[PDB]
């Protein structure tokens, strides 16, 4: 009763938090996948488009001469292209790792809470349905028993009516004898 409804309330709210966290993780991934697919269809789709992109969007002058200080300007593009790929792999690893960690942080509690709350809800529905059948049978039993009691009462009233009739009859016979 009180306990079961209270346990359903605690579990529901904890479970809502868990699912909200799992969902935000999935959604953050989907948002990343949309922007990242674009990249893979454009400047990360071939060495040619990467090199073209790196000519227009160079890396900072600092890192440039720092990492790819090369005489041949074409080789600089290749070098910067490689660094751009390496930075992207790191970006992707970090997001993957964040996703794994966020999922792992909530999945156990989620699976447990789902199982417990759904079983508790189901338990209460079954009990209530079975209880409703038994309650209806009890009510039918009372109706039958009430008829038997109404018949016992009627029988006692009939018997009392008969004893009164006999007193009236006795009286009637006395009177008619007197009127003769």
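Residue numbers count along the first chain shown, from 1.
- The deposited model assigns a higher average Cα B-factor to 162 to 170 than to the other stretch when 162 to 170 and 18 to 26 are compared.
- Remark: stretch with higher mean C-alpha B factor among 143 to 151 and 40 to 48 is 40 to 48.
- In the PDB entry, the Cα temperature factor peaks, among 113, 124, 64, 138, at 64.
- Looking at 73, 101, 95, 89, the one whose CA carries the top B-factor in the deposited record is 73.
- Ranked against the other modelled residues of its chain, the C-alpha B-factor of residue 119 as given in the entry falls in the middle third.
- Annotation for residue 85: C-alpha temperature factor in the middle third relative to the rest of the modelled chain, per the entry.
- Residue-level temperature factors show residue 53 in the highest third of its chain, judged at the C-alpha atom.
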